[PDB]
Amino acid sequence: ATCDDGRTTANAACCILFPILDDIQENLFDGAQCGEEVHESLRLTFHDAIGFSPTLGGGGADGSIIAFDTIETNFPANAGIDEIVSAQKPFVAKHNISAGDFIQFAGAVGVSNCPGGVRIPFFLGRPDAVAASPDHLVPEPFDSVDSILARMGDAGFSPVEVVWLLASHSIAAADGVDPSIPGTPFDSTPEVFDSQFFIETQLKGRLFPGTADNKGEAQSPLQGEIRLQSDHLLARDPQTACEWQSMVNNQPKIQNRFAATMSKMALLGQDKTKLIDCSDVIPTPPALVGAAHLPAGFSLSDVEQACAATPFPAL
């Protein structure tokens, strides 16, 4: 199909997305930057989708965190998400797509702005949400590995898919974990979708970058980085440590598994066969240029190797 402005897409129903793409790159992502609004929109796709429990309900990736914001922004795990919800709600009101489709489209367009990134498959047509998420369905950084794996498994993700989804923390920072140092990132390259998060979380902790007693925070290996306790434990727990190390220096695996597992997350609560594939509307992301590395001045002796089968690689 050729859209009324001359851009092309495989299925004509997808043409309605091109004005929405242009508005979000200019007016939500500040000129198609890989910056805080993209990171917040990617976080939003998970706090919308993960509201999905076979036993308790919620519609998954349904736009409920926007449509029922008054409820879901009261849940403590959703602290700080009201800012991105408030920024996105007018685009949903102005354009003619459901909040569920908007949150997943904005997350995929955002990830495409980041070097190393991927085009997450995108499907159009989710109906409006009909119920708020149940409470207590979002993992917290102070939850155990067994708690996080059981929650994610209840929503349909195996332990290795949890590690693949956490490649998101390669383009991520925290404002609430230690409110004294907002914007401190989880890896040293928060505008590049790369393996540094999987490397840096395997280093021995050394210090706290701000204050020392924050719930859910582990010591970080670097003054300019913050570490969640959940990431500290997942990189070391025998259930997930070999998969975590397998992503280091493995950008093809990070890209293939993040795109596929994000698509599965974006479709929680939905049926692909009832929607229209509009994948090819997402922009083509830049590629990486620099090699994966330990931080300068660190060595293998600073790595806490946690996979018995396979030594951590020389970088």
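So that there is no doubt, residue numbering starts at 1 and follows the sequence shown.
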statement: Mean Cα B-factor check, 27-35 vs 280-288, entry values; winner is 27-35
- request: May I ask you to compare 5-13 and 302-310 by their mean CA B factor in the entry and name the higher one?
  value: 5-13
- line: When the entry's CA B-factors for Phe142, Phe198, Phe75, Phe208 are compared, the highest one belongs to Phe208
task: Going by the CA temperature factor in the entry, name the top one among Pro121, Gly153, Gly107, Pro182.
output: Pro182
task: Can you work out whether the C-alpha temperature factor of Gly80 puts it in the lowest, middle or highest third of the chain?
output: highest
Chain third (lowest, middle, highest) by recorded CA B-factor, residue given as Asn96: highest
- line: By the entry's values, the third containing the CA B factor of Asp135 is the lowest
message: Using the temperature factors of the C-alpha atoms in this entry, rank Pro295 within its chain: lowest, middle or highest third.
response: lowest
- request: Determine, from the deposited record, the chain-internal third of the Cα B-factor for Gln229: lowest, middle or highest.
  value: middle
